[PDB]
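Chemist: Shown below is the structure under consideration.
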Ligand SMILES: [Br-]
Ligand SMILES: [Br-]
Ligand SMILES: [Br-]
Ligand SMILES: [Br-]
């Protein structure tokens, strides 16, 4: 349960497997987690694209912020992984 | 549930209320969710700043991207709320 998105999803499934009365509750909760992750990944992609633009234009004044974004995105993938081309969220060295 | 970060957090708490053995489990889960909300808001703020820079430079090429960041930030606040000046996450 080492701080990965997969652990939190797994723990919620486990609970409504032990106690089926929790299923509606905790499934709406997993749905919200999923929506939160989705929205974050949408904005993150937009920010990355904006950073690509700033670099392509040789706009060096904003380079620090563009680096920050890289680090933040890299930190995100450590916790949440990355959805591959087949639409499956994968982690670690299963990414490359 | 109204599909808000707060509604989801409660469902997690409520569950280990009915069933205390779930507590280590679901609270670790809540920890991960909070970390996720935190990391997303850190990046979001940074992105907003980048858009601010681009708007102070009058660069109309990237303006669509800036309007996009604004739209998705407003949507974020719909689900996750927003921390007011007193350190309390509030919704609307
Ligand atoms: Br939270
Ligand atoms: Br962090
Ligand atoms: Br600026
Ligand atoms: Br509120």
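Chains as they are written, first to last, in the deposited numbering: chain A, 1 to 96; chain B, 1 to 92.
C-beta: ideal position from N, C-alpha, C; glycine also.
1) Listed by chain order, which residues have C-beta atoms less than 5 Å from any heavy atom of ligand 3?
2) Give me the pocket residues for ligand 4, defined as CB within less than 6 Å of any heavy atom, sorted by chain position.
3) State the start and end residues of the unbroken alpha helix (DSSP H) segment that holds residue 7 of chain A.
4) Any heavy atom of ligand 2 within a distance shorter than 7 Å of the CB on residue 3 of chain A?
5) Return yes when the Cβ of residue 15 of chain B is within less than 8 Å of the Cβ of residue 15 of chain A, no when it is not.
6) At a Cβ threshold of 8 Å, is residue 70 of chain B touching chain A?
7) With H, G and I counted as helix, E and B as strand and the rest as coil, what does DSSP make of residue 2 of chain B?
8) Ends of the alpha helix (DSSP H) at residue 64 of chain B?
9) Count Cβ pairs between the segment 65–79 of chain A and the segment 76–90 of chain B that sit closer than 8 Å; are there 3 or more?
10) Candidates A:53, A:6, A:79, A:19: which alpha carbon is nearest residue 65 of chain B's?
11) If residue 35 of chain A and residue 77 of chain B are in contact, beta carbons under 8 Å, what's the gap, nearest whole angstrom?
12) Which chain A residues sit within Cβ distance under 8 Å of residue 79 of chain B?
13) Following a CB-centred definition, is residue 77 of chain B positioned closer than 7 Å to any heavy atom of ligand 1?
Modeler: According to the data block:
1) Matched residues: B:53, B:56.
2) B:90, B:91
3) In the first chain, residue 7 of chain A corresponds to position 7, counting from 1. Residue 7 of chain A -> alpha helix (DSSP H) spans 5–18.
4) Sequence index remark: in the first chain, residue 3 of chain A carries index 3 (1-based). No, ligand 2 has no heavy atom inside 7 Å of this Cβ.
5) In the first chain, the residue the question calls residue 15 of chain A occupies position 15. In the second chain, the residue the question calls residue 15 of chain B occupies position 15. Result yes, Cβ atoms of residue 15 of chain A and residue 15 of chain B sit closer than 8 Å.
6) In the second chain, the residue the question calls residue 70 of chain B occupies position 70. Answer no: the Cβ-Cβ gap between residue 70 of chain B and chain A never drops below 8 Å.
7) Position 2 of the second chain, counted from the start, is the residue given in the question as residue 2 of chain B. DSSP places residue 2 of chain B outside both helix and strand once states are collapsed to three, so it counts as coil.
8) Here residue 64 of chain B corresponds to residue number 64 of the second chain, with the count starting at 1. For residue 64 of chain B, the uninterrupted alpha helix (DSSP H) run begins and ends at 63–80, by DSSP.
9) no
10) Sequence index remark: in the second chain, residue 65 of chain B carries index 65 (1-based). Between residue 65 of chain B and the set A:53, A:6, A:79, A:19, the nearest pair of CA atoms involves A:53.
11) For the purposes of this step, residue 35 of chain A is identified with residue 35 of the first chain, where counting begins at 1. For the purposes of this step, residue 77 of chain B is identified with residue 77 of the second chain, where counting begins at 1. With 8 Å as the limit, residue 35 of chain A and residue 77 of chain B do not qualify as a contact, their Cβ atoms being about 14 Å apart.
12) Along the second chain, read from residue 1 onward, the residue named residue 79 of chain B stands at position 79. Per Cβ cutoff of 8 Å: 32, 35, 36, 39.
13) Stepping through the second chain from its first residue, residue 77 of chain B is reached at position 77. Answer for residue 77 of chain B: no, Cβ out of range of ligand 1.
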